[PDB]
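Engineer: Questions regarding the structure given below will be posed in turn.
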Amino acid sequence: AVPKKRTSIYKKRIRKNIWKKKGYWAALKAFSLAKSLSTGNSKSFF
Amino acid sequence: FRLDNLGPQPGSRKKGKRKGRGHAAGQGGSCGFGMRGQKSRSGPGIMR
Amino acid sequence: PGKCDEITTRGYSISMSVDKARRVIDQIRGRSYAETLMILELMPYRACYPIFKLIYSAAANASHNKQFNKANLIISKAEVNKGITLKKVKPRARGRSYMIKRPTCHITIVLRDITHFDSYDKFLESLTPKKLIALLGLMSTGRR
Amino acid sequence: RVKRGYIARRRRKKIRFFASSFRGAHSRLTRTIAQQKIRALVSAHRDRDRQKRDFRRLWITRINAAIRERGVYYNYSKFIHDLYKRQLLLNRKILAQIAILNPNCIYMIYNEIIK
Amino acid sequence: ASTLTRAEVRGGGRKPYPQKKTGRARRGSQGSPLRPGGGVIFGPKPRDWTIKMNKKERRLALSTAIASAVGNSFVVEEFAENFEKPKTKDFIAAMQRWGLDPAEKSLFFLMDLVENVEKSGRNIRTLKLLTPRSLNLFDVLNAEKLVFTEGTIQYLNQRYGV
Amino acid sequence: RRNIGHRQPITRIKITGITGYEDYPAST
Amino acid sequence: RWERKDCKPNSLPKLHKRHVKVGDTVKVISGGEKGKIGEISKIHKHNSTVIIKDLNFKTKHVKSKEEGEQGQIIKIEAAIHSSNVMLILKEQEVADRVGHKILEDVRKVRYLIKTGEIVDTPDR
RNA sequence: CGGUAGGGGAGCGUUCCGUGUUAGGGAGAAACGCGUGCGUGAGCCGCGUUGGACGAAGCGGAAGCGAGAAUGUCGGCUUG
RNA sequence: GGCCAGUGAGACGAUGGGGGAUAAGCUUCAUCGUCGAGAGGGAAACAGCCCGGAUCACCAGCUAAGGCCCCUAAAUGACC
RNA sequence: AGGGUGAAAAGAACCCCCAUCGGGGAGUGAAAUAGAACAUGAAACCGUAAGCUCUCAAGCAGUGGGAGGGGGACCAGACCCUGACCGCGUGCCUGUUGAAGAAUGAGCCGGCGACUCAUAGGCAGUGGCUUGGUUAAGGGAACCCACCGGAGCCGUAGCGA
RNA sequence: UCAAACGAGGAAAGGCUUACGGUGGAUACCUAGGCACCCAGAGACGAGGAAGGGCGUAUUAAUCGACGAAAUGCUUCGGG
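Chains as they are written, first to last, in the entry's author numbering: chain 1, 2 to 47; chain M, 80 to 127; chain T, 26 to 169; chain R, 3 to 117; chain E, 100 to 261; chain S, 207 to 234; chain V, 50 to 173.
Structure representation (structure tokens):
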């Protein structure tokens, strides 16, 4: 359970950039919702 | 003789050897006392 | 310095973590003020709102310090750095105590208008270099 | 008579500057910068003596592969048979260099070793 | 020069934490010299020594310094002073007329120490008066320019003869 | 451990021309 | 600012002895505003500094009111040190040092050491 | 003319002191960073759109004098 | 002789033996070789086996031990 | 445990973002990249931009050779950066007969951190006197010191209890 | 046009180098504060209420110093 050693700058920038790329994937969805929130007949967002 | 140009003769004052300052100096590491025993430990040591 | 093109806006050590501010700041890089205006209206992050406050107070800065428009204005770099981290000695069981660090950011966002010449043709002219300083202000692949 | 100093940082900054392009904590982290200076210099030793040995090996196999293009069974050993019997003192395996930079001239070498 | 060793500081003379069952070194004092809170090793005690040097080696050192002082045009020579109204203008004027700059760090000494030259000489920095009561070697081996009087050249030959 | 260094005393030579070579030709 | 507060032997601040009184005509000797005459206005004995009229110009910005109105820009003098000034008689225009003449009465007055007049002002 | 424990010889560097209110230095000292330079090496010398007031060399002396190790130790910051 | 150190836990290999079970990379001795304190080459790797004693440089040549089908330098060499 | 903006608070009038904190102009200043977390600011650490390059690859991350590519260049053959691929290379210290060791130690970076001082004996090297050598305590223009101060010490004769 | 051969050229996190930034307070220059000697002097004070404190005193916050219902001070004699 206890880690034997530490990680490099290598593997950490890989994992942190996979985390922040996983943050990248959930804003073109927000760009699509922000673009559909604009002028148009949409039956949502009262 | 000025205050500038005075210097002792060679051999008159050797430098005191410092111990434990590097192995290239001559007496680095264990400072010239082997590995263990009463000769390496610090204190009065052995009665002569 | 780019010959008077960019607008640099710094930020206080705001009371949140640097990494989530770096995913929300690595989203909005390269996109202009309208797209970041509509995305940061609707991004589901708590780190979204001071970033949107600094973009809004950065382009309003770019429209009041300079005299630009909020449509031809792209985000240039938007770097987020570390700040001061507080230390919170929080007790935990079996007589232990853990340092819980309260992290702060340091946001510096640079904005970039397009103040262009848009020259007619490409064809090189190796004459009058004291006009070649002024005719070329921001291009690519500089030879010699 | 306090003696705080800076000489460990120049002592250490020189070794820091030598350890560039070492891929990670061998290029940044001081307590490995030292032993990569050390192991890099002994790597320079053994790879220098074995670059003498290794280029000897490379010219041996290169002129062997040049002589074996005749088709008839003339090895590299027979080229030295009739390279020292016909008195050519010590061409120093640089005929493995002009064997590719001057292949007609090494054909003149070998075709005068035959006669 | 002084420093406080391990036995003097007001740090603890207690065992701070027990000998085992803790992953940490065996640190038995908070005023330990390994810990920068106090306590040093082998620092300077205030030492008031006695480096004795031989008499007839030091007399020969003075005689060698004054002996090498003359000959290379570093010695001109005066004999008398009578300074009514001691006012440092006839002193620096006679100093100029003897061929000595006031800034070139000369040194000169006189018999009996008459008061009107101690009074007119102690303000210029580059020279200080001496006397056979107070003739040292370090102040005279500046050796730029240095003068004698007849009682000091015949007292000086009277003492360091042959 | 021993740090020593070595500066080999070398000499650069520029070449003028080659002559005196007109005996026993061996063209193929 | 504890490095610059007043030193206090027995709770009272150590006040310096100086050579400039109020109502005197000082000249700036060397520093900055060199070579211009002036009266002095307010005195600061602990710093050994003196503010003098209409020469030292420190344009300072003051939030004026509590309603956020008119925010005035006030041009206020600062403290030049007391060793950077001399005294001036208006009869011989020359910056001179000081001296304490003891005249025929009991009082002791200031004196320009090169000219022959008295700095000291009567009761008016 | 390999070398551990070890012994001897010769040197570099640091801060202070004598020369020294030294030469030099807001026309940029120390620092920090730099080298297509020199040394057997400890290191020197030179260059810096950084920094802003001190301080060399030579000839000498004295050390709280040289760091990669002590489950060292004190601050800073990582890993998970 | 003067001053002045370490070392006094050894290991394997050949020979001469004792203990053992002529068992142990076992234990104790006696002479020698290596390692210790010895790099390089051969031994696939591999302290003690063989050659061999590294001041340094060369994009020099000849060899010892050992090898010459390919990986991997040199003979798919010759004759019994 | 926590010192040092400037020379002088001259500590930012006014405009914009705005609930503040903060930020940008403008103004002070020689310096505002000296802005109150404020003097030089290094390493670990976190980043962003530019050049080369990694997704059939086994490696104490190097080193020798160097494909391809990039940069300024002037002794344009040189220099620096990247690294297709091949050979070779069992972290450092401690301490053992023997450690890459799966024996110990260290997360990392920077500082602090260890044969030192007093007084004696012995020997060596450099001196000063050999009309034998040398002073201690003490006195001294505040200290050091010139000059005294021959008390003592050492060598001059040994043998024996 | 088809078949066969090769896998270039731009291709991602990242790796290296370089440049610019942020946390950080080592280095350099100081000081506002300490340490040790030398020369003198003093080791005094207190029932005439001490060393040390508590509370309080200024026109108006807190803290420290001074002071004590005569309180951010008073009388006399001198200096200024």
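No residue lacks a Cβ here, since even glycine has one placed at the ideal position from N, Cα and C.
Beta-carbon of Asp51 (chain T) versus every beta-carbon of chain 1: anything under 7 Å?
Structural biologist: For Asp51 (chain T), the answer is yes, since a Cβ of chain 1 falls inside 7 Å of its Cβ.
Engineer: Just checking: is the beta-carbon of residue 49 (chain 1) within a distance shorter than 7 Å of some beta-carbon in chain T?
Structural biologist: No statement about residue 49 (chain 1) is possible, as the shown extent of chain 1 runs from 2 to 47 and does not include it.
Engineer: Cβ of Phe190 (chain E) within 7 Å of Cβ of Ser219 (chain E)?
Structural biologist: Cβ distance < 7 Å, so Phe190 (chain E) and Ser219 (chain E) count as in contact.
Engineer: In terms of DSSP beta bridges, what is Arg159 (chain V) paired with?
Structural biologist: Bridge partners of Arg159 (chain V): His149 (chain V).
Engineer: According to the Cβ coordinates, are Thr108 (chain V) and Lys124 (chain V) closer than 7 Å?
Structural biologist: Contact flag set, yes.
Engineer: With DSSP as the reference, label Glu66 (chain T) as helix, strand or coil.
Structural biologist: Correct three-state label for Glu66 (chain T): coil.
Engineer: Do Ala72 (chain T) and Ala46 (chain T) count as a contact pair if the criterion is CB distance below 7 Å?
Structural biologist: In contact: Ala46 (chain T) and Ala72 (chain T) (Cβ atoms closer than 7 Å).
Engineer: Suppose you measure from the CA of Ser113 (chain V) to the CA of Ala85 (chain T); what does that come to, to the nearest Å?
Structural biologist: Between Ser113 (chain V) and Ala85 (chain T), the C-alpha separation is close to 28 Å.
Engineer: What residues are listed by DSSP as bridge partners for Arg137 (chain T)?
Structural biologist: According to DSSP, which records beta bridges pairwise, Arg137 (chain T) is partnered with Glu31 (chain T), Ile99 (chain T).
Engineer: Listed in chain order, which residues of the stretch 84-113 of chain R have Cβ atoms closer than 8 Å to some Cβ of chain S?
Structural biologist: Residues passing the 8 Å Cβ filter: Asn106, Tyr109, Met110, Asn113.
Engineer: Give every residue of the same chain whose Cβ lies closer than 6 Å to the Cβ of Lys102 (chain V), excluding the five residues on either side of it in the sequence, and list them in chain order.
Structural biologist: Closer than 6 Å at the Cβ level, and outside the excluded window around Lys102 (chain V), lie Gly87, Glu88, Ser90.
Engineer: Taking 7 Å as the CB-CB cut-off, is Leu67 (chain T) touching chain 1?
Structural biologist: Chain 1, which has a Cβ nearer than 7 Å to the Cβ of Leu67 (chain T), makes this yes.
Engineer: Can you tell me where the beta strand (DSSP E) with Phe207 (chain E) in it begins and where it stops?
Structural biologist: From DSSP, the beta strand (DSSP E) with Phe207 (chain E) extends over 206-208.
Engineer: Per DSSP, which residues does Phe247 (chain E) bridge with? Please list them.
Structural biologist: BP columns for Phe247 (chain E) point to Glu176 (chain E).
Engineer: Chain E partners of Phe112 (chain M), CB-CB under 7 Å?
Structural biologist: Near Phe112 (chain M) there are no residues of chain E at all, since even the closest Cβ is about 18 Å away, more than 7 Å.
Engineer: Keeping to the same chain, check which residues put their C-beta closer than 8 Å to that of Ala202 (chain E); ignore five residues upstream and five downstream.
Structural biologist: Answer for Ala202 (chain E): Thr225, listed in chain order.
Engineer: Leaving out the 5 sequence neighbours to the left and right, which residues in its chain are closer than 6 Å to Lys107 (chain T) when beta-carbon positions are compared?
Structural biologist: So the qualifying residues of the chain are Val43.
Engineer: Closest to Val75 (chain V) by CA distance: which of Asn133 (chain V), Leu64 (chain V), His149 (chain V) is it?
Structural biologist: Considering only alpha carbons, the answer is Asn133 (chain V).
Engineer: Relative to the C-alpha of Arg94 (chain R), which residue among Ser22 (chain R), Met110 (chain R), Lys54 (chain R) is closest?
Structural biologist: Closest option to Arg94 (chain R), Cα to Cα, is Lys54 (chain R).
Engineer: Is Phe32 (chain 1) close to chain T, meaning its C-beta is less than 7 Å from at least one C-beta of that chain?
Structural biologist: Output row for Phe32 (chain 1): interface = yes.
Engineer: Quick one: residues in its chain with C-beta nearer than 8 Å to the C-beta of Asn97 (chain T), no 5 flanking neighbours on either side, listed in chain order?
Structural biologist: For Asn97 (chain T), where only same-chain residues beyond five positions count, the Cβ hits under 8 Å are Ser57, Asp138, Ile139.
Engineer: Considering only C-alpha positions, which residue in the set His93 (chain V), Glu116 (chain V), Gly81 (chain V), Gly120 (chain V) is nearest to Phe106 (chain V)?
Structural biologist: Selected option, being the one with the closest Cα: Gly81 (chain V).
Engineer: Do you know how far the Cα of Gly136 (chain E) is from the Cα of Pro143 (chain E)?
Structural biologist: Each residue's alpha carbon lies about 18 Å from the other.
Engineer: Could you tell me the alpha carbon to alpha carbon distance between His149 (chain V) and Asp172 (chain V), rounded to whole angstroms?
Structural biologist: Computed Cα separation, rounded: 19 Å.
Engineer: Output yes if chain E places a C-beta closer than 7 Å to the C-beta of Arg81 (chain M); else output no.
Structural biologist: By this cut-off, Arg81 (chain M) is an interface position.
Engineer: So is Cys56 (chain V) buried or exposed if we call it buried at 16+ other beta carbons inside 10 Å?
Structural biologist: Burial call: exposed.
Engineer: Is the Cβ-Cβ distance between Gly130 (chain E) and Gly138 (chain E) less than 7 Å?
Structural biologist: Yes, the pair counts as a contact, with Cβ atoms nearer than the cut-off.
Engineer: Can you look up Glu82 (chain V) in the DSSP assignment and give me helix, strand or coil?
Structural biologist: It is coil, neither helix nor strand.
Engineer: Among all the DSSP beta bridges, which residues are the ones paired with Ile122 (chain V)?
Structural biologist: Bridge partners of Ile122 (chain V): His110 (chain V).
Engineer: Taking C-beta pairs closer than 7 Å, name the residues in chain 1 that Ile64 (chain T) reaches, listed in chain order.
Structural biologist: Chain 1 residues near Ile64 (chain T): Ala28, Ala31, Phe32, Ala35.
Engineer: Does any residue of chain R bring its CB to less than 7 Å from the CB of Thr222 (chain S)?
Structural biologist: For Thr222 (chain S), the answer is no, since every Cβ of chain R falls outside 7 Å of its Cβ.
Engineer: Just grab the DSSP bridge partners of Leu199 (chain E) for me.
Structural biologist: None, per the DSSP bridge assignment.
Engineer: Using 10 angstroms around the beta-carbon of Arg97 (chain M), count the other beta-carbons present and answer buried if the total reaches 16, otherwise exposed.
Structural biologist: Answer is exposed; the Cβ neighbour count stays below 16.
Engineer: Starting from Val239 (chain E) and walking both ways along the beta strand (DSSP E), at which residues does that stretch end?
Structural biologist: Careful: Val239 (chain E) lies outside any beta strand (DSSP E) and carries neither H nor E.
Engineer: Checking the sheet assignment: what are the DSSP bridge partners for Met124 (chain T)?
Structural biologist: For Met124 (chain T), which the question treats as bridged, DSSP gives the partners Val114 (chain T).
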